[PDB]
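Student: Sequences listed follow chains A and B, in order.
Convert by adding 318 to the 1-based position in the first sequence; the result is the number in the entry's author numbering.
Convert by adding 318 to the 1-based position in the second sequence; the result is the number in the entry's author numbering.
Have a look at this one.
Protein chains: 2
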Amino acid sequence: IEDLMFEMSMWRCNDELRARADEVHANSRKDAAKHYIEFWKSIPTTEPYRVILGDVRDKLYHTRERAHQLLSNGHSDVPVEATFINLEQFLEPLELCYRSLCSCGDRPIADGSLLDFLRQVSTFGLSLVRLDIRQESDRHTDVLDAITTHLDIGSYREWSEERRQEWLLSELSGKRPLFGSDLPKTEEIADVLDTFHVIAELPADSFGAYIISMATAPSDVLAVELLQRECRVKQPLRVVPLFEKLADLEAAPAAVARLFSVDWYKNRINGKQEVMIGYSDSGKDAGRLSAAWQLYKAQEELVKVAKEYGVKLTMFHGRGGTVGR
Amino acid sequence: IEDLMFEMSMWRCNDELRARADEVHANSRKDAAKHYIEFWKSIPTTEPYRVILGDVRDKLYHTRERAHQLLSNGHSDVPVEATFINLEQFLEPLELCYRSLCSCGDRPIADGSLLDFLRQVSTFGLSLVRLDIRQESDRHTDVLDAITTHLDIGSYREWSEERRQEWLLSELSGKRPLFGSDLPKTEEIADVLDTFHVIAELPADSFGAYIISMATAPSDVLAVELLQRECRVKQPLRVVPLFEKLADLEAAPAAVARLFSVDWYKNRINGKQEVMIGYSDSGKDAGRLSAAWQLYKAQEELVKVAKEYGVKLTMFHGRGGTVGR
């Protein structure tokens with residue numbers, strides 16, 4: 319940030335950036351701010367891009383500091399308002415700079431360090447990569463079965479796939495808390511639950527997708543959606559099934575089709591769905607040839623299903639480094 | 319406590335209290351403790367009663383300081399283990415002192431300042447008086463109706479008393495959280511809920527009874543029991559109805575009998591029940607004479623019901639100072 323501030327020493331800007339620059343200089347905090355190396359003194363409005371980038375620095379410093387304490391200890395006194403919480407509370411000021419520079423015939427300058435910085439922010443965001451969370455179906459099933467058994471309402475394990483779909487739906491559309499503090503938990507049960515609580519506790523742009531291994535039916539996806547909502551995950555992440563064994567690839571288009579059939583879920587999906595395709599285990603229980611060919615057929619029929627339901631499918635290829643995977 | 323410690327200067331004790339005093343002098347903490355006025359130095363085993371009472375002092379001091387900060391600010395850094403949490407973690411050491419004194423032929427000594435102090439503890443406890451909480455039934459009814467409306471299941475108001483009893487019972491025996499964080503609340507609704515949370519947050523031995531004004535049916539009491547349980551009131555307090563209007567007194571024995579009929583509630587009440595009898599409003603809408611006579615009849619018939627259901631009744635007389643009330 320400090321080099322960027324150094325280069326952005328223009329004095330011409332548009333009326334928008336001038337207005338905002340005056341805003342920041344109004345609350346510029348006329349203070350020493352001696353901890354900084356460069357630009358330690360209050361930034362004059364003579365250099366407005368530097369005013370704005372300077373506020374970006376104070377927020378970037380405080381973000382790094384909140385994270386550093388949160389990591390070192392169990393808590394931080396840094397107020398979240400002093401930090402970037404949004405993927406683009408960061409991006410807005412940089413865009414304003416870009417527009418202003420272009421307005422004044424300084425487009426080459428904007429396509430210099432500022433552009434590199436824009437692309438870096440829009441590509442890495444507040445946490446370098448988005449993290450995927452993966453877990454096998456049977457663990458979610460164990461959690462739910464503990465929940466229905468504790469509610470003296472049956473056994474989610476023993477239930478037919480239809481019974482599971484219907485129950486999961488009714489609870490998803492409902493407004494009442496499911497389990498409470500007193501739910502009897504295996505260490506595993508609490509493991510999956512606690513990963514959900516952890517996901518809720520953290521920022522959304524820090525996670526990617528929830529991948530379900532050994533996924534067979536829509537109940538498998540609806541189960542994760544329900545567990546997320548119930549674990550007070552404010553912005554739940556996308557659920558995506560994994561088909562890796564040859565049989566699961568053969569069965570994938572049907573299972574995805576059955577899922578998209580459920581109108582409640584296809585309506586909430588916002589027209590986008592991701593599904594993962596494992597390459598490793600297919601050529602291990604059947605031929606390498608037959609695996610590859612079934613993979614091709616599966617990709618083909620899945621895209622057909624998605625087109626049929628007007629959903630843009632993106633396929634996540636669990637390819638390895640070796641041809642055998 | 320310091321005056322009492324000064325007096326408890328005996329050197330004879332039984333083997334029980336000797337063992338205990340040796341316990342405290344083991345963790346006596348060879349420390350200055352300069353804030354204290356008297357007995358600021360570590361207490362010798364020559365005077366064992368002073369040792370036990372000395373720990374009683376340290377826990378008493380930390381209690382006053384914890385409450386003092388809790389009141390002055392919003393919090394205290396005092397650890398709860400360093401305070402008296404039980405009505406009688408206080409009493410136990412004093413009892414031990416009394417036993418020791420009697421063992422050694424010092425019953426006259428025991429019946430002096432030590433006795434006065436025992437009676438004071440056992441009578442005022444950690445918070446001078448147990449506080450009663452009173453509220454009218456219709457506020458509980460408003461909260462519940464808000465809950466059933468939010469759960470899309472009907473209107474508790476419009477429900478027959480039978481329906482009310484049935485639902486309340488099913489939820490009291492049930493194990494699922496009722497409302498969640500997202501329950502729409504009036505200022506009133508949040509008033510009653512928040513007083514329940516406040517009861518839950520504080521120690522149990524600080525409260526007495528929940529008194530329900532204008533109580534007419536059992537649903538009025540079951541509402542309070544459920545609202546307590548659902549507001550995670552760890553040790554819910556006893557519910558007690560108020561019959562103040564002349565009609566409510568005529569109908570009171572019937573309504574109390576109906577309440578005792580409920581097998582669950584008679585099971586929870588554990589053979590003790592309190593009911594309040596108002597004197598103020600009775601002689602205001604009808605004659606004073608008719609008020610008194612219906613009051614006598616009421617006491618009589620209530621005792622009849624309690625005897626019939628094998629429950630020890632205590633009657634709470636809402637008398638005034640003037641004969642007119």
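Beta carbons: idealized from backbone N, C-alpha and C, even for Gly.
Assign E365 of chain A to one of two classes, buried (16 or more other C-beta atoms within 10 Å of its C-beta) or exposed (fewer than that).
Tutor: With 16 or more other Cβ atoms within 10 Å, it is buried.
Student: In whole angstroms, what is the alpha-carbon distance linking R576 of chain B and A464 of chain B?
Tutor: 26 Å
Student: Could you list which residues in chain B have their beta carbon closer than 9 Å to that of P495 of chain A, in chain order?
Tutor: Within chain B, the residues near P495 of chain A are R494, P495, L496, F497, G498, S499.
Student: Would you list, in chain order, the members of the segment 466 to 478 of chain B that have their beta-carbon closer than 8 Å to a beta-carbon of chain A?
Tutor: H468, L469, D470
Student: Who are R452 of chain A's beta bridge partners in DSSP?
Tutor: Assignment of beta-bridge partners to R452 of chain A by DSSP yields A:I529.
Student: Leaving aside the five residues before and after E383 of chain B along the sequence, list all residues of the same chain whose C-beta is less than 8 Å from its C-beta, in chain order.
Tutor: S394, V396
Student: Count the other C-beta atoms from every protein chain shown that fall within 10 angstroms of the C-beta of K377 of chain A, then say buried if there are 16 or more, exposed otherwise.
Tutor: Buried.
Student: Going by CA-CA distance only, name the one from B:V580, B:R368, B:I529 that's closest to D456 of chain B.
Tutor: The candidate whose alpha carbon is nearest that of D456 of chain B is B:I529.
Student: Considering only the alpha carbon of each residue, which of B:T534, B:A535, B:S537, B:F514 lies closest to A527 of chain B?
Tutor: B:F514
Student: When we look at the beta-carbon of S478 of chain A and count the other beta-carbons within 10 Å, is it buried (16 or more) or exposed?
Tutor: Exposed is the call here.
Student: Could you give the residue range of the alpha helix (DSSP H) that holds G601 of chain B?
Tutor: 600 to 603
Student: Between A:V629, A:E626, A:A569, A:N585, which lies nearest to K615 of chain A when the distance is taken from Cα to Cα?
Tutor: A:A569
Student: For the alpha helix (DSSP H) that contains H515 of chain B, what are its first and last residues?
Tutor: 505 to 519
Student: Hey, quick one: how far does the alpha helix (DSSP H) through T441 of chain A stretch, first residue to last?
Tutor: Note, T441 of chain A: alpha helix (DSSP H), 433 to 442.
Student: Can you find the residues in the same chain that come closer than 7 Å, C-beta to C-beta, to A522 of chain A, ignoring five residues on each side of it along the sequence?
Tutor: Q553
Student: Report all residues from its chain with a CB closer than 6 Å to the CB of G472 of chain A; omit the five preceding and five following residues, and keep chain order.
Tutor: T466
Student: Near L501 of chain B, what residues of its chain come up, given a Cβ to Cβ distance below 6 Å and the 5 sequence neighbours on each side ignored?
Tutor: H468
Student: Assign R347 of chain A to one of three DSSP states: helix, strand, or coil.
Tutor: coil
Student: What first and last residue would you give for the beta strand (DSSP E) that runs through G596 of chain A?
Tutor: 590 to 596
Student: Roughly how many angstroms separate the alpha carbons of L433 of chain B and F525 of chain B, rounded to a whole number?
Tutor: 25 Å
Student: Confirm, please, whether the CB-CB distance from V542 of chain B to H458 of chain B is below 8 Å.
Tutor: Going by C-beta atoms, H458 of chain B is nearer than 8 Å to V542 of chain B.
Student: Among A:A624, A:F561, A:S418, which residue has its Cα nearest to the Cα of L613 of chain A?
Tutor: Among A:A624, A:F561, A:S418, the Cα nearest to that of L613 of chain A is on A:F561.
Student: Enumerate in chain order the residues of its own chain whose CB-to-CB distance from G430 of chain A is below 6 Å, with the five nearest sequence positions on each side excluded.
Tutor: Sequence-distant Cβ neighbours of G430 of chain A in its own chain, meaning closer than 6 Å and more than five residues away, do not exist here.
Student: Relative to the C-alpha of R452 of chain A, which candidate in A:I403, A:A428, A:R556, A:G492 has its C-alpha closest?
Tutor: A:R556
Student: Within the continuous alpha helix (DSSP H) that includes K622 of chain A, where are the two ends?
Tutor: In the DSSP assignment, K622 of chain A falls within the alpha helix (DSSP H) that extends over 606 to 626.
Student: Relative to the C-alpha of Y597 of chain B, which candidate in B:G492, B:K590, B:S608, B:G589 has its C-alpha closest?
Tutor: Distances from the alpha-carbon of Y597 of chain B to those of B:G492, B:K590, B:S608, B:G589 put B:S608 closest.
Student: Within 10 angstroms of its Cβ, does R437 of chain B collect 16 or more other Cβ (buried), or is it exposed?
Tutor: exposed
Student: First and last residue of the alpha helix (DSSP H) that includes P411 of chain A?
Tutor: It spans 409 to 421 - the alpha helix (DSSP H) in which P411 of chain A sits, taken as one unbroken run.
Student: Can you give the Cα-Cα distance for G443 of chain A and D470 of chain A, rounded to whole angstroms?
Tutor: Between the C-alpha atoms of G443 of chain A and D470 of chain A there is a straight-line separation of about 46 Å.
Student: Measuring only the C-alpha atoms, how far is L631 of chain B from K590 of chain B?
Tutor: 6 Å
Student: Measure the C-alpha to C-alpha separation of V516 of chain A and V558 of chain A and round it to an integer number of angstroms.
Tutor: 19 Å
Student: What is the residue span of the alpha helix (DSSP H) that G636 of chain A lies within?
Tutor: Element bounds for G636 of chain A: not the alpha helix (DSSP H) but the beta strand (DSSP E), 630 to 636.
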